[PDB]
Every structure is written in C-alpha cells, then in structure tokens.
Amino acid sequence: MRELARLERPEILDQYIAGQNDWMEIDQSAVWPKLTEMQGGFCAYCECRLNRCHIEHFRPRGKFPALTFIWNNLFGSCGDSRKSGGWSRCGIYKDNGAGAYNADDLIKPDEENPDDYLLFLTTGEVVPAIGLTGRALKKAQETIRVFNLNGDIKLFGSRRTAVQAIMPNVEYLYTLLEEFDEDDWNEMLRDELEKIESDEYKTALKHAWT
Amino acid sequence: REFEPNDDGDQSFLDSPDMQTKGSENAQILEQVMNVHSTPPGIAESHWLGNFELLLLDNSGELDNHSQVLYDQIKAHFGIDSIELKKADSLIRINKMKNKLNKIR
Amino acid sequence: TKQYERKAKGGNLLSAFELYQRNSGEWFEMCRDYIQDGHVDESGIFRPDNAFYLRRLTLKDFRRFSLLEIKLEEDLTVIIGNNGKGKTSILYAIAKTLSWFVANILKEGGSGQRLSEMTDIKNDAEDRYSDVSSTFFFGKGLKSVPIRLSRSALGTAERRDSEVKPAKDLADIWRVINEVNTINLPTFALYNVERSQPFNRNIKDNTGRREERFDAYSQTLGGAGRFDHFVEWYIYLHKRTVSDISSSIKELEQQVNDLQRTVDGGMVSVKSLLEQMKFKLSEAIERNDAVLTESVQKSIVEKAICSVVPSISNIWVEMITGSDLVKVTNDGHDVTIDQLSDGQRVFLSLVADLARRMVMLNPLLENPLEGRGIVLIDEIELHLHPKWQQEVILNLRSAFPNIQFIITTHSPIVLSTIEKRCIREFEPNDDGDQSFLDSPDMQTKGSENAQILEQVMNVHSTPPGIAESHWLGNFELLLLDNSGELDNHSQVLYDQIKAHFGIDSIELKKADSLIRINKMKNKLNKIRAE
Amino acid sequence: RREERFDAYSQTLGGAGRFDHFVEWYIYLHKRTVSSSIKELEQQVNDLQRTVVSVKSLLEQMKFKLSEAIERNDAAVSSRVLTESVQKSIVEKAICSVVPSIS
Amino acid sequence: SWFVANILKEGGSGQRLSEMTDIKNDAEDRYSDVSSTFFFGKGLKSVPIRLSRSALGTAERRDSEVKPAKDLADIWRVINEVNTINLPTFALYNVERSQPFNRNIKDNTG
RNA sequence: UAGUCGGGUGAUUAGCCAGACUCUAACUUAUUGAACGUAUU
Ligand SMILES: Nc1ncnc2c1ncn2[C@@H]1O[C@H](COP(=O)(O)OP(=O)(O)O)[C@@H](O)[C@H]1O
Ligand SMILES: [Mg+2]
Ligand SMILES: [Zn+2]
C-alpha cells in the first residue's frame with residue numbers, strides 16, 4: 001500500500017449531484033485518465049497491475065449516499081464486478097467478504113502514508129509495523145483484514161514470489177558496502193529503488209531493498 | 001476451464017485461468033490456479049521463518065535470546081542444509097548489514 | 001506350575017493366562033487388568049498401558065521382493081515410491097497376517113487368509129516359495145508375537161508351512177477374557193482402492209445382524225469396508241433413539257419450549273402447532289415414564305464424521321417420505337448420500353465405517369474412538385482435491401489417536417504434513433534386491449511442495465517434455481556465456497519468454513532479476529580492474 | 001414413483017395377493033402417516049424456515065405436508081384418492097374383520 | 001448415446017435424463033435441459049441436440065429434440081451399409097475404470 | 001524427548017533415587033539328553 005498524491009479534480013463530477021443522480025449514469029472512461037496518472041496503472045490497495053478494474057468508493061454508496069461524486073472518495077481497484085463473482089480481495093471483498101467494518105478504521109492511501117502502519121515481510125506476509133498500540137494498531141489490523149491482504153492466496157503467493165526473486169540481488173548489493181565508497185554505493189541503491197516504481201508490489205519490494 | 005472457488009451453482013460461464021500453465025512451475029499452478037498454499041498453513045513449522053523474521057526486525061536486526069532459540073529450532077527441525085535455514089541465514093546477513101548502515105548514518 | 005507363577009508375577013501375560021486356564025480369580029484379574037488398564041494424559045486422551053502395534057515386517061521372495069525388511073512406527077508409517085515399487089504388496093501382506101487375529105477372535109481355531117500360489121511367489125525366485133514374517137508387540141508383558149505366512153509355488157512337490165500359533169494364542173486371550181467379562185477389542189481394517197465403488201441404497205445384506213458386536217469384524221480386511229452396513233446400522237440406531245420416550249419427551253419438551261418462545265415473540269400463527277405439541281408432550285408423559293447407549297453411539301459417530309470430513313457439517317435420518325433416507329448437510333446444502341461427489345462419498349465411507357467399528361468394539365471407553373488397532377489405507381489421496389489433501393492426515397490422527405496407521409501416497413501435499421521419521425522410501429533404481437527401507441534425507445513436515453517433489457519424489461519442478469520448460473535455464477546459460485551482457489540471442493529468448501509467459505510472470509521476473517544482478521556484478525568487476 | 005388410482009388395476013387378473021407387497025406397502029404407509037390450507041401451510045413453512053436447530057425436524061415434516069397438499073391440489077379429478085391415514089384404517093379394519101383369529 | 005444408438009440401428013434410442021437425479025432440487029420450472037451443438041465440417045456447421053426431462057408431478061411434458069443426431073447418424077449408417085467407411089469413436093472413461101481383473105478369460109463366442 | 005544399561009533404596013519381581021549409553025536396529029529362549037555351575041560322595 002503506497003502513499004498517493006491526489007492533485008486535480010475532473011470536470012464531469014461537478015455536473016452530477018448526489019441524491020438525485022445515480023452512479024450508473026456517469027461516463028466512467030472520463031474518470032480513468034486522472035486515476036491512471038495518480039496510481040500508475042496499479043491498484044490502490046494491493047498494488048497489482050490493473051487489467052480487470054473498477055472505480056471503488058472508499059466509503060460505500062449504501063452507507064454514505066452523500067459521498068457519491070466526490071474526488072477524494074474514488075480509487076481505481078483491482079477486479080471487475082460486472083464480469084464475474086468470486087473476486088476475493090480489495091474493493092469487492094470490502095463490500096461482500098468483509099461484512100462488518102468501521103470505515104473510520106481503514107488507511108485512506110491518499111490522506112495517510114501507509115508505511116507508518118504496515119510492514120511487509122520478505123516471507124510475503126503483511127503485518128502491523130514494529131511498535132503500534134491502540135488506534136494505530138487497530139487501523140493496521142483492519143486494513144489487512146478488510147482488503148484481505150494476506151487471505152487472498154493469489155495475492156499472497158504473487159507478492160511472496162516477487163520479493164523472493166530479488167533477494168539474491170539484495171544479499172549481493174549489501175556485501176559490496178565494504179569495498180565501494182559512499183557516492184558509488186548510494187547511486188547503486190537509488191538506481192534499484194528507481195526501477196521498482198515500474199514494477200508490481202512496489203511497497204513490498206521497497207522494504208526488501210531499504 | 002476453471003470453476004470459481006466460491007461458486008454457489010449460479011456461475012454462468014466456465015473460464016480460462018489468467019496465468020499460462022504450459023511450462024510453468026507446479027508451485028505456481030497450485031497457488032495461482034488451484035487456490036492452494038504451497039506450504040501447509042495448518043503446520044506450525046510452516047510459520048517459523050515468518051516469525052523468525054519478525055523477531056529479527058523487532059530487535060534492530062540483532063539475534064536476541066528469543067530469535068536465537070527459534071533459529072536453533074529451525075536448524076534442528078529442517079536441518080543444516082535446508083533451504084529454510086539458508087533463508088534464515090540470509091535474513092541475518094542482510095539485516096545485520098542494514099543495521100550497520102543505519103549506525104554509520 | 002511354579003515356573004508360570006514366577007513369570008506371571010513378573011508381569012508376563014501369557015503365563016498369567018495359562019495359569020487361569022489350568023485352574024478353571026487372581027490370574028483372571030491379572031489378564032483383564034493387563035488389557036483394560038490405562039490412563040488419561042495431559043491432553044485428556046485415554047492411553048492404554050499396554051499398546052498393540054506391528055513392529056517389523058520381512059518379505060522373502062514375495063512378488064517383486066527377494067528379501068525386504070521394514071521397521072514400522074507405532075503411530076504412523078507412510079510408504080512412498082513410483083508405481084510398481086510394491087507399496088500395495090506391502091499392505092496386502094500385512095492385511096493377510098491380521099486376518100489370523102480376526103479369525104481367532106471370532107472363533108476358536110479360526111482360519112485366516114493365505115498367500116496365493118498362483119500370483120504371490122516371486123516369478124524368478126530359485127527357491128519356489130514365499131514368506132511373510134511379522135512381529136507384533138503387546139506391552140512390556142508380551143514384547144514379541146511372531147507370525148509367518150508361507151506358500152510354495154503351484155506344482156512344487158515340497159510344501160512350505162505357515163506358522164500362525166502365536167497369533168492364535170494372543171487372539172484366544174482376547175476371546176476368552178471377553179466371554180467372562182466384557183473388554184475393549186482391537187480394530188483391524190484395510191481400505192484399498194476398491195473402496196471406490198458406486199453407492200446403492202437399496203441392496204441390503206441378509207448375512208448376519210448389524211447391531212451384534214462381532215459384526216464389527218465382518219469383511220473388515222476385504223478392502224472396501226461395508227458402507228452399506230453402516231447405513232443399515234445408523235438407521236437402526238435412529239429408530240431406537242426415536243422409540244425410547246424420555247429422549248422423545250426431552251426432545252418434545254425442547255420443541256414445546258422453542259415453540260412457546262416463538263409464540264411469546266409475537267408469531268400468533270404457530271399457536272395451533274404449540275397446542276398440538278403440548279398435547280403430544282402430555283400424552284408422552286402420561287405414557288409410562290421410566291440415557292440410551294444407542295443415543296450416545298449415534299452422537300459419537302456423527303461428531304466423528306463431521307470433524308473428519310470437511311464438506312459435511314451434519315448427518316441425519318429422515319423417514320417422513322415413507323422410506324429411510326440418510327441425509328447430510330454438504331457445503332451448506334441438504335443432500336442425500338447419493339447426491340455426494342465420488343470424492344466426498346468415498347472419504348465419508350472410510351470414516352463412517354471405521355467409526356462404526358470402533359464404537360462397537362470399545363463399549364467401555366468414554367471415547368470409543370480412542371481404542372486400539374491397526375488400520376491400513378492405500379492411496380490416502382484417492383479422489384481428494386489438494387485442499388483436502390492438506391488436512392486429511394491431521395484430521396484422521398486427531399479422531400483416532402491410538403490407531404497405528406500404515407498409509408501409501410503419491411501426494412507431495414500429503415507428505416508436507418508428515419514428519420520424515422514416518423516416511424519409508426524406495427530407492428529409485430531398486431529392482432527388488434533392497435534389504436531395508438529408509439526415511440528420506442529431507443524433512444518433509446512444513447516444507448514447500450516444490451522441494452518435496454524434487455528432493456523426495458525425484459520429479460522436476462517443470463515438465464521436461466515441454467520446450468518452454470527449458471527457456472529460463474537456457475536464458476541463464478546464455479547470460480553467463482556472454483559475460484553477463486544481453487546479446488542478440490539472449491534478447492530473442494527474453495522476448496520469447498515475455499511473449500509466452502506474460503509481463504507479470506514469475507519466469508520473466510526471474511529473467512529480469514538475472515539481468516540486474518549480472519549487470520551489477522560486471523560493474524563491480526570493472527571497478528576492480530581500474 | 002408415487003402411487004396412482006389406476007394402479008388398482010395393475011396385475012389384478014394375475015399376480016395379486018402377495019405377502020411381501022403387503023408388508024412393504026403397510027410399513028410405507030405407517031411411516032408416512034406418523035404425524036390445513038396450502039396458503040396456511042405455506043405460511044407455517046415460511047415461519048418455521050425463519051426460525052431455523054431443534055425445529056428442523058418439524059420444518060421437514062411441514063414441507064412434506066405442503067408438497068403433498070400441492071400435489072393433491074395439482075392431481076386430476078380422474079385420480080381422486082382418500083388420505084393415507086384413512087386408507088390405512090380401512091385396510092386394518094378389513095383384515096381384522098375377515099381374517100380368522102387376528103383382532 | 002443418441003449417435004451411437006442410431007449408427008447401430010435405425011430409430012435406435014440413446015439414454016434419457018433421470019427424473020430423480022438429473023433435475024436440480026430447487027428448480028422452479030421442474031425440468032432439466034442438456035443442450036449440445038456439434039460441428040461436422042463446413043457443410044454441416046451446426047448439429048443442435050437437446051435432452052429434456054420433466055419432474056414427476058408433470059404440469060407439461062418437455063420433449064427431447066434428438067432428430068439432428070438421428071439424421072446425422074443415419075448418414076453414417078446408410079453409407080456404411082453400401083460401402084465401408086471409417087466411423088467416429090465415442091467413449092467415456094469414468095472412475096469406474098478402476099476395477100479388479102478377472103483372470104477367467106471367456107469363450108470365443110465370436 | 002524417547003528407548004536402553006543398572007549402583008542404591010525399598011516385607012522387595014512393584015515404586016522411588018543416583019549415574020550412564022545411543023551402527024535405521026534384542027524380541028530372554030529348552031529336558032530326563034549334552035555341556036557348564038553348585039550340592040552329594
Ligand atoms: N509374482 C511376482 N513376481 C514378480 N514381480 C511381481 C509379481 N507380482 C507383482 N510383481 C510386480 O510388482 C509390482 C506390483 O506393484 P504393487 O504391489 O501394486 O505396488 P504399487 O502399488 O507401488 O504400484 C509390479 O511392478 C509387478 O510387475
Ligand atoms: Mg537339568
Ligand atoms: Zn487490489
């Protein structure tokens with residue numbers, strides 16, 4: 001889960017008004033170019049490469065009908081509702097699979113940096129970060145539970161494999177901390193960290209590298 | 001043609017998997033197509049490496065008494081030449097080096 | 001005799017029994033205590049003081065084996081190998097030996113099974129006979145019970161004799177002591193690949209009664225169980241539970257109480273039904289009021305089935321259509337047994353049959369499934385999805401904690417749940433002259449399936465007869481041949497990998513990793529050269 | 001299969017009067033007759049379904065009764081038939097009245 | 001089964017759906033349909049077949065539509081009668097294929 | 001951990017205490033005969 005940088009609000013949300021208008025009315029191909037600029041063709045929550053994808057209301061339309069055409073509330077999530085059932089992470093699982101949840105107790109990735117809450121183990125679990133109690137522990141635990149960031153085997157395995165592929169390199173780089181001077185070695189680490197923005201599960205790969 | 005795992009009989013079409021299976025590793029097919037963990041989740045020993053890593057990260061990368069005990073358990077159970085022990089060794093080496101860098105800074 | 005007295009007072013079971021037979025009180029009690037004494041451990045599980053298990057098996061000129069010795073675990077032994085290594089042969093040999101105990105528990109001087117003169121002698125054996133030698137253990141007072149089954153080839157003039165008297169002698173103790181005062185009895189069962197049969201509800205057995213205790217030994221080593229007998233027995237249990245009025249009164253009292261709560265909750269439509277049930281309850285109470293062992297037996301078996309069989313949450317008998325039907329809740333849906341998938345039915349059949357037999361043979365135990373016995377299962381993974389394979393051994397051992405299980409498997413998933421000490425593994429290039437079976441070098445319990453395949457089962461992670469299976473290996477070799485630089489040939493193959501496996505494939509990520517590490521290694525090499 | 005009125009003419013002129021047929025039939029009728037409007041029954045089934053562990057046996061009985069009522073409703077004028085309870089009573093009376101020394 | 005029956009005999013009947021086992025337990029319409037479409041070269045791009053079975057209570061009978069199977073099978077049968085042709089193989093191997101071998105090899109009845 | 005060996009205690013074939021061992025790996029056996037130990041002479 002990455003810290004996201006929301007910037008500019010699209011024209012089409014100004015036209016439609018919450019209460020009177022329905023969500024199905026809007027042209028969704030208008031919305032995606034701004035989300036794709038923000039998120040980079042990757043999911044908000046799990047950081048898979050988007051191929052089957054839908055617009056996700058962070059606070060849902062059922063519970064919160066006032067929050068409908070609001071630019072804060074939209075995110076590009078993995079999986080498609082229309083195509084098929086049995087998608088079991090992220091936006092679809094938030095609604096159906098995770099029944100009862102406090103919408104307050106979830107990490108909104110545009111507002112908050114998730115790196116304070118979530119730690120990514122090289123074994124490919126995601127866990128509460130070292131030293132959290134009370135509310136920050138509760139937010140870490142519920143984000144993991146509701147978006148199903150361990151329970152989806154397709155996700156868990158795909159993340160575990162991605163990290164384990166680079167672990168020869170991470171081992172090898174830090175052995176050459178001895179021989180190289182700082183300006184060479186820091187250029188090497190910055191280059192790697194540059195490459196993994198274009199890669200999938202980038203937060204998991206960062207925690208391996210840094 | 002694969003059925004969805006949580007099909008309650010109302011699936012209209014059987015579909016192809018997303019991953020190419022021909023020439024792929026069996027462990028990948030287990031997880032990505034058959035929806036089964038490559039390591040048995042109902043065995044405690046299957047979690048030891050994860051737990052070991054968490055302990056190492058809690059103690060700024062140094063083997064404390066608790067991490068050493070678990071290391072010895074991993075060694076005793078899986079063996080000196082096991083892939084699991086090699087992973088543990090790797091974790092120690094990497095985390096020690098990361099911590100040394102942090103101290104220099 | 002004074003000699004027998006000394007041995008018996010030293011704790012020898014056979015001597016105590018001999019003294020009992022010659023003086024036909026003290027000696028009887030010794031024998032009965034030896035069989036019945038035990039304790040409940042820290043985990044709340046009953047443990048007999050004197051365990052019964054197979055210790056060792058030796059096969060001489062039997063089928064594929066010239067001379068083979070196997071040492072078995074007291075709890076669980078798993079035999080692995082390729083097809084045709086003789087895994088089934090081993091279980092067959094054991095089952096025939098166990099048949100001698102079963103025959104003699106049923107009948108004094110009963111005859112067990114025999115080795116086949118047509119099929120069981122090794123084809124190229126110079127001596128034209130075969131031997132199956134077994135040694136069993138029954139506590140420290142009877143450390144060795146040796147049995148030998150033997151058979152000479154058809155048309156050989158010299159005939160080789162079996163030695164079965166020790167089996168008979170032990171089985172006699174069980175039979176005779178039981179006749180005087182009831183004891184718990186050992187369960188012996190074989191489940192081979194024949195357990196996969198089509199189900200027929202209608203074909204009913206008229207060859208004995210199903211509620212008689214020793215029916216538990218009926219066809220127990222035939223290989224299929226008798227799931228038909230289970231269904232009959234279970235319906236019988238149901239009828240008896242319905243018939244005794246106090247449970248019916250208790251059930252009716254519970255139904256009246258539930259209906260009264262519904263009426264108090266505002267549902268006035270069910271008031272007519274409540275009045276009818278209150279009348280039925282009053283009538284039942286008025287009829288002559290007096291826990292059924294049958295009710296407890298039924299509950300034990302239901303719990304066992306539901307605990308071991310993952311898709312089954314409930315099992316019950318319905319009579320209301322006018323015929324007796326066993327129904328189950330399978331994956332949240334109420335279905336008949338005939339509606340179950342073959343995988344579910346076959347596994348249900350195994351557990352149901354085993355539970356029935358244990359309940360019948362262990363009437364004095366609080367949990368009858370904590371009885372003693374030896375159970376043989378061929379191809380435990382038969383018809384099971386990988387998900388189920390990951391639970392099957394754990395569930396069986398939890399439900400039947402004192403049984404010795406001897407199992408065969410082809411499943412790495414099953415092996416990932418079992419300790420290496422329990423595994424017995426054929427050498428790959430055996431050809432039936434290996435003397436002793438051994439455990440694998442690698443620890444299997446908790447290990448990755450890919451590793452088990454390669455290290456234990458000698459199977460490559462990728463299918464060797466597919467070209468694409470070699471591409472990443474070849475790609476790595478090309479990188480190493482061209483001093484780590486991506487040449488025309490390496491680029492072509494990279495593109496092929498990308499095109500075939502896809503952009504987010506494991507294979508491509510590994511290739512990318514190789515490129516990155518090799519580039520970094522080369523940069524180091526250049527810095528060192530300068 | 002279910003039974004139908006004109007089964008009375010099956011094997012009537014050779015094959016009638018076999019003890020095994022009787023016993024099977026009689027036990028069947030007994031099991032069915034051990035223990036209302038369709039709409040009322042539909043409402044009762046719906047109420048019992050909403051309540052549903054101890055009432056599950058009662059729900060199954062009521063569902064059976066509803067199905068039978070619908071079937072009888074759906075069944076034709078030509079196949080009109082007395083309740084299984086009445087049938088049983090008449091046959092029992094006939095046997096006891098006719099057969100020497102069975103009361 | 002409908003192709004096989006009609007290759008063997010004119011107007012041969014294949015197998016039917018079971019009223020007891022093949023109908024979905026909670027089917028509102030109380031019938032079951034198995035619809036199949038076969039291909040036989042560009043000359044015969046679509047051979048549709050439907051097997052149907054209604055539940056016991058029978059508000060209306062749903063009949064199977066098997067005529068195209070019969071028509072195609074007739075072509076194979078009739079042409080083969082005049083001049084030997086190659087014929088299609090149809091086989092099912094279910095889990096019942098796992099069964100013991102009887103050694104008692106029978107009569108050459110022919 | 002388990003199994004095994006056994007110096008001591010113990011109205012003593014039990015139990016308890018102490019110390020030790022670990023090739024994949026004991027299962028205590030049979031007389032009037034033979035041999036051995038003891039007794040007899
Ligand atoms: N009498 C015999 N002589 C020689 N080889 C035999 C004899 N009987 C069986 N075999 C061989 O033994 C094997 C039987 O395998 P089986 O016992 O079923 O083991 P598995 O179940 O592991 O395949 C086959 O390779 C077969 O050729
Ligand atoms: Mg002597
Ligand atoms: Zn996602």
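Below, chains carry the letters A, B, ... as their sequence lines are ordered, and counting in each starts from 1.
Looking at heavy atoms from C-beta onward, C:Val375 lies out of side-chain contact with C:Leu190 at the 4.5 angstrom threshold.
Nucleotide F:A14 carries a north-puckered sugar, as indicated by a positive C1'-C2'-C3'-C4' torsion. Using the sign of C1'-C2'-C3'-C4' as the criterion, F:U38 is classed as north-puckered. With its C1'-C2'-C3'-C4' torsion above zero, F:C23 shows a north sugar pucker. North is the pucker assigned to the sugar of F:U4, its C1'-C2'-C3'-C4' torsion being positive. North is the pucker assigned to the sugar of F:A20, its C1'-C2'-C3'-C4' torsion being positive.
Pairing check for F:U31 against F:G7: the two fail the Watson-Crick or G-U wobble geometry, since the two atom distances are not both under 3.5 Å. Nucleotide F:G15 is annotated as unpaired relative to F:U28 [Watson-Crick or G-U wobble, both distances under 3.5 Å]. Nucleotides F:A14 and F:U32 fail to qualify as a pair under the Watson-Crick or G-U wobble definition, as the contacts are not both shorter than 3.5 Å.
Note: CG (C:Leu14) to P (F:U29) measures 11 Å, nearest angstrom. The CG-P distance, from C:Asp75 to F:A2, rounds to 15 Å in whole Å. Rounding to whole angstrom units, CD of residue C:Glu427 and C1' of F:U24 are separated by 13 Å. One atom, CG of C:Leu68, and another, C1' of F:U24, lie 13 Å apart when rounded to the nearest Å. Atom CD of B:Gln73 and atom P of F:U1 are 13 Å apart (whole Å). Look at CD on C:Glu419: it is 15 Å from P on F:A2, rounded to the nearest Å. Regarding C:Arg56, its CZ atom lies at a distance of 6 Å from the P atom of F:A26, rounded to whole Å. Between the CD atom of C:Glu73 and the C1' atom of F:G3 there is a distance of 13 Å, rounded to whole Å.
When atom types are taken as modelled, the side chain of B:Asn59 and the backbone of B:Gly61 share no donor-acceptor pair closer than 3.5 angstrom. Checked by atom type and distance alone, the side chain of C:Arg148 pairs as donor or acceptor with a backbone atom of C:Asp161 at under 3.5 Å.
Nucleotides F:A2 and F:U13 have their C1' atoms positioned 25 Å apart, rounded to a whole Å. Comparing F:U32 with F:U28, their P atoms sit 23 Å apart, to the nearest whole Å. Comparing the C1' positions of F:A35 and F:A30 gives an interatomic distance of 14 Å, to the nearest angstrom. Remark: the separation of the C1' atoms in F:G6 and F:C16 is 15 Å, to the nearest Å. When the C1' atom is compared between F:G3 and F:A26, the two are found 12 Å apart, to the nearest whole Å. With both ends at atom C1', the span from F:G7 to F:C21 equals 15 Å, rounded to whole Å. When the P atom is used for both F:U29 and F:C5, the distance is 15 Å, rounded to whole Å. Here, F:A18 and F:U9 have their P atoms 15 Å apart, quoted to the whole Å.
Not both conditions hold for F:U22 and F:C23, whose six-membered rings lack centres under 5.5 angstrom apart with planes under 30 degrees, so their bases do not stack. In this strand, F:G10 does not stack on its neighbour F:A11 when judged by six-membered ring centres under 5.5 Å apart and planes inclined by less than 30°.
Glycosidic conformation, F:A11: syn, with the torsion inside 90° of 0. In this structure F:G10 sits in the anti conformation; its chi angle is more than 90° from 0.
The residues C:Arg55 and C:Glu74 are annotated as not salt-bridged, no charged nitrogen and carboxylate oxygen being separated by less than 4.0 angstrom.
RNA chain F is contacted by C:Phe436, C:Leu437, C:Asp438 of residues 429-444 of chain C, taking any non-hydrogen atom closer than 4.0 Å.
Residues B:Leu30 and C:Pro386 share a closest heavy-atom pair of CD2-CB, 4.2 Å. Between C:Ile177 and C:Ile183, the shortest heavy-atom distance links the atoms CG2-CG2, 3.8 Å.
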Legend entry - Per-nucleotide protein contact string for nucleotides 8-16 of chain F (B base, S sugar-phosphate only, - none; heavy atom under 4.0 Å): -----B---

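Under 4.0 angstrom from either OP1 or OP2 of F:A26 there lies at least one side-chain N or O belonging to C:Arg55.
Identified under the salt bridge (charged side-chain N to carboxylate O under 4.0 Å, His left out) test for residues 67-91 of chain B, with sequence neighbours left out: B:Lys87-C:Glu448.
Ring planes of B:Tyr71 and B:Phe52: tilted class, angle from 30 to 60°.
How far CD1 of C:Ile377 is from CG of C:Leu382: 11.0 Å, rounded to the nearest 0.5 Å.
In terms of position along RNA chain F, the nucleotide closest to C:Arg424 lies nearer the 5' end than the nucleotide closest to the other residue of the pair C:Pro146 and C:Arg424.
Under the 6.0 Å distance and 45° angle rule, C:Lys60 counts as a cation-pi partner of C:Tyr129. Remark: C:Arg372 fails to qualify as a cation-pi partner of C:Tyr53 under the 6.0 Å distance and 45° angle criteria applied to the six-membered ring.
Under the Watson-Crick and G-U wobble criteria, each requiring two contacts below 3.5 Å, nucleotide F:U24 is left unpaired.
Put simply, the residue from C:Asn449, C:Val414, C:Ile413 that forms a side-chain contact (heavy atoms from CB on, under 4.5 Å) with C:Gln390 is C:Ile413.
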